[PDB]
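To start, the structure itself, in structure tokens.
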Amino acid sequence: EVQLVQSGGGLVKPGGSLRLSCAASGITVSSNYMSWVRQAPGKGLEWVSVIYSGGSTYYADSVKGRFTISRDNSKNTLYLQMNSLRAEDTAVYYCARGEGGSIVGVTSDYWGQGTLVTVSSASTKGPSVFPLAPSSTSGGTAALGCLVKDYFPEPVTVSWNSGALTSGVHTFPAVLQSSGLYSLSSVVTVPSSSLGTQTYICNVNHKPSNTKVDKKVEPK
Amino acid sequence: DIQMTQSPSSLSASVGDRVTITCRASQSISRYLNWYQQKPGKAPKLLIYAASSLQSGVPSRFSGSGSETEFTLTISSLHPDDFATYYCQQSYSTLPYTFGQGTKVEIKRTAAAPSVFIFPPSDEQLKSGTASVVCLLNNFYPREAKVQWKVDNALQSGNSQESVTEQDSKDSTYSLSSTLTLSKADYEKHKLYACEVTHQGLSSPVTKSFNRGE
Amino acid sequence: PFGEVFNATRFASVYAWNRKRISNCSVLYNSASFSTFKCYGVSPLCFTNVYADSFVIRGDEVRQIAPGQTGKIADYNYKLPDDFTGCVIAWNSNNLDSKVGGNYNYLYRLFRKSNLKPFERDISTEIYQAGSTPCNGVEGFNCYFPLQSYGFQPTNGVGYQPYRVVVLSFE
Ligand SMILES: *[C@@H]1O[C@H](CO[C@@H]2O[C@@H](C)[C@@H](O)[C@@H](O)[C@@H]2O)[C@@H](O)[C@H](O)[C@H]1NC(C)=O
């Protein structure tokens with residue numbers, strides 16, 4: 001398996017800097033055309049930068065002067081140094097082999113998983129987790145969940161019973177409130193008959209604030 | 001610099017349908033064109049390169065054709081997981097290359113009514129000072145749904161928000177939440193909180209409700 | 001003897017660029033019709049030795065035949081030094097070097113691990129190794145044939161039309 005594993009996004013204030021990492025396996029980074037591509041929230045893809053195995057570098061006009069593509073052969077990693085960051089640079093960034101061409105070797109066949117970069121003056125804040133308790137109950141089934149309120153920045157990850165329960169689970173995309181903080185809910189359908197029998201724990205994780213919370217959702 | 005216009009911007013089709021997406025170049029670019037598929041917040045997947053070559057891996061139902069200024073991407077028979085945004089990308093201009101604006105594909109299916117649930121604010125949230133009422137609409141199609149908050153039969157406005165999941169990979173349905181947020185003081189001013197849902201799969205609007213404390 | 005280099009019937013591919021040593025005596029620029037005529041260190045023998053280099057490239061790539069330039073051509077095919085003293089002469093050759101359905105005779109190097117030193121020439125066709133596994137002379141994944149051909153068709157845009165190029169270097 002050829003893979004590109006990315007790391008090191010995060011929150012940063014306008015003017016600040018950040019370095020993105022892309023560790024490669026099955027591909028020699030120093031021997032290849034390599035590329036960084038990004039996507040602002042709800043927008044199209046934009047090619048950001050390209051580097052040649054010989055060393056030549058190319059940049060979109062919007063980031064020229066402020067961004068630097070680089071690599072290290074001994075750690076087989078591609079890097080993007082970002083300086084003088086701004087709100088417009090808020091995006092999900094992807095590394096890739098190739099330069100976007102149309103010949104094998106320069107085609108962009110393998111990509112990284114992406115990392116979020118958030119350029120904002122707003123501070124980090126951990127979420128509150130509140131239970132959405134069942135009542136009594138329609139069509140044999142019943143619904144419950146967890147409200148994950150008032151946090152910044154993204155993302156949050158929710159699992160149920162440490163990953164045991166997955167079928168019937170809906171974790172909604174987070175919504176930005178007028179406070180500037182994000183909020184989401186995770187819900188799940190379960191048999192109504194098994195409410196005083198089964199125990200449901202939602203496991204909320206907010207890495208930016210180092211928050212790990214487990215909330216037990218009981219019928220009240 | 002070259003500028004690419006795709007068409008259409010949005011497009012709905014049933015499992016098994018033929019699907020066609022066009023990409024138009026503002027000048028001739030020979031066969032210097034690529035197609036990518038992208039699921040919402042995930043990495044792009046290269047489908048077609050050099051206008052018409054099938055990238056290794058990619059299922060055979062994807063095919064591309066065109067030259068100069070007009071290019072088409074064709075899904076011969078839509079699979080239920082093929083929903084994504086499809087991008088074209090010219091490889092003709094100076095580096096770095098540019099993309100088209102994207103064509104979003106949704107799966108079409110038979111109407112499915114939502115199951116409605118309503119949740120009062122937790123006691124622990126009210127102790128903090130705030131109150132959130134959640135209304136859940138589970139596994140329905142199509143996406144369009146009216147959700148009205150009613151407080152002692154007074155319609156609410158400007159203090160709720162909706163979030164929708166992506167289409168289910170197997171049966172193409174949606175789920176939706178609607179969250180009404182009030183101060184504890186405002187919450188304690190009224191009694192009957194109701195969630196009135198209108199939807200094509202429902203013969204009549206469906207209300208779920210409660211009384212504060214009860 | 002600049003006639004044997006400018007008016008030559010056949011030109012070299014840029015990766016296998018041609019070099020003619022001149023032992024010899026502005027007549028070129030005055031009977032021009034050239035699209036590019038840029039001299040460096042001098043403006044129009046008083047020289048130990050002079051060289052004439054000639055090859056074919058795309059229209060958009062002629063900008064790379066210049067000191068301190070980057071690109072596939074300058075990095076992997078033909079490199080001018082920073083201190084270059086000489087002239088770079090280019091002209092559109094669509095009427096000779098393009099054919100209907102494409103002229104695929106002119107090639108360029110698309111893959112190389114490191115840049116060429118000034119006036120370095122590389123005509124090897126060893127399979128390029130993009131990963132840690134050796135290719136053993138066979139093409140495939142991460143194993144690319146280094147050379148790629150231009151497709152000169154008469155109806156290509158000017159940036160993708162063939163340009164013949166002569167580089168005079170004085171020393
Ligand atoms: C290249 O050729 C130009 C055109 O003249 C051609 O060559 C002469 C000898 C005759 O055969 C004539 O019929 C041809 O059309 C010359 O004007 C030009 O000087 C030549 N280039 C150089 C560098 O001498």
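Residues are referred to by chain and number: the chain letter is A, B, ... according to the order shown in the structure tokens, the number counts from 1 in that chain, and ligands are numbered separately from 1 in the order shown.
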Exercise for the section: Do me a favour and pick out the residues of chain C within 9 Å of chain B, using only C-alpha atoms, as a list in words. Expected result: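 Matching residues, ligands excluded from the count: residues 60, 156 and 157 of chain C.
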Could you build a table of the residues in chain C lying no more than 8 Å from ligand 1, giving for each the nearest pair of atoms and their separation in Å rounded to one decimal place, using only C-alpha atoms and all ligand atoms, ordered by chain and ascending residue number, as a tab-separated table?
residue	atom	partner	partner_atom_place_in_ligand_line	distance
C:1	CA	ligand 1	23 (C)	7.5
C:2	CA	ligand 1	23 (C)	4.9
C:3	CA	ligand 1	23 (C)	4.0
C:4	CA	ligand 1	23 (C)	7.6
C:5	CA	ligand 1	23 (C)	7.5
C:6	CA	ligand 1	23 (C)	5.5
C:7	CA	ligand 1	1 (C)	5.0
C:27	CA	ligand 1	23 (C)	7.9
C:28	CA	ligand 1	23 (C)	5.9
C:31	CA	ligand 1	17 (O)	7.0
Practice problem: Could you please tell me, as a list in words, which residues of chain C have an atom within 10 Å of chain A when using only C-alpha atoms? | Solution: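 Close to chain A, chain C has residues 69, 70, 71, 72, 75, 76, 110, 111, 112, 113, 114, 115, 116, 128, 129, 130, 131, 132, 133, 140, 141, 142, 143, 144, 145, 146 and 148 of chain C.
Any residue of chain A with an atom no more than 6 Å from chain B counts as a contact; using only C-alpha atoms, that gives residues 44, 47, 101, 102, 109, 113, 132 and 172 of chain A.
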Export, as a tab-separated table (two decimals), in the first residue's frame, the selected residues with N, CA and C atoms.
chain	number	residue	atom	x	y	z
A	44	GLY	N	-14.51	25.26	-3.88
A	44	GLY	CA	-13.86	24.31	-4.75
A	44	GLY	C	-12.43	24.03	-4.33
A	47	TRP	N	-5.29	24.45	-6.31
A	47	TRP	CA	-3.90	24.04	-6.25
A	47	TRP	C	-3.07	25.13	-5.59
A	101	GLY	N	-0.84	16.70	-13.53
A	101	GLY	CA	-0.68	16.47	-14.95
A	101	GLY	C	-1.54	15.33	-15.45
A	102	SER	N	-1.26	14.92	-16.69
A	102	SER	CA	-2.04	13.89	-17.36
A	102	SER	C	-1.14	12.83	-17.99
A	109	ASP	N	-2.18	10.76	-8.33
A	109	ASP	CA	-2.88	9.51	-8.06
A	109	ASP	C	-3.09	9.25	-6.57
A	113	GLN	N	-4.90	12.31	3.76
A	113	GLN	CA	-6.26	12.35	4.28
A	113	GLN	C	-6.77	13.76	4.50
A	132	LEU	N	-29.43	13.74	25.79
A	132	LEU	CA	-30.75	13.80	25.18
A	132	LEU	C	-31.47	12.50	25.53
A	172	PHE	N	-24.42	14.55	13.56
A	172	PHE	CA	-24.71	15.63	12.63
A	172	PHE	C	-23.51	16.54	12.44
Next on the checklist: To test your reading of the structure, identify every residue in range 43-92 of chain C that backbone DSSP assigns to helix (DSSP H, G or I), and report it as a PyMOL selection string.
Outcome noted: chain C and resi 62-64+72-76
Taken to one decimal, the CA of residue 80 in chain B-CA of residue 106 in chain B distance is 9.1 Å
(message) List the spatial neighbours of range 60-69 of chain A as a list in words - criterion: any atom at most 9 Å away, only C-alpha atoms, same-chain residues fewer than 2 positions off excluded.
(response)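 In the requested form, the answer reads residues 35, 36, 46, 47, 48, 49, 50, 51, 57, 58, 71, 78, 79, 80, 81, 82, 83, 84, 85 and 89 of chain A; 95, 96 and 97 of chain B.
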ask   = Of the candidates A:158, A:126, A:150, A:195, which shows the shortest atom-to-atom distance to residue 175 in chain A, using only C-alpha atoms?
value =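 Comparing A:158, A:126, A:150, A:195 against residue 175 in chain A, the winner is A:150.
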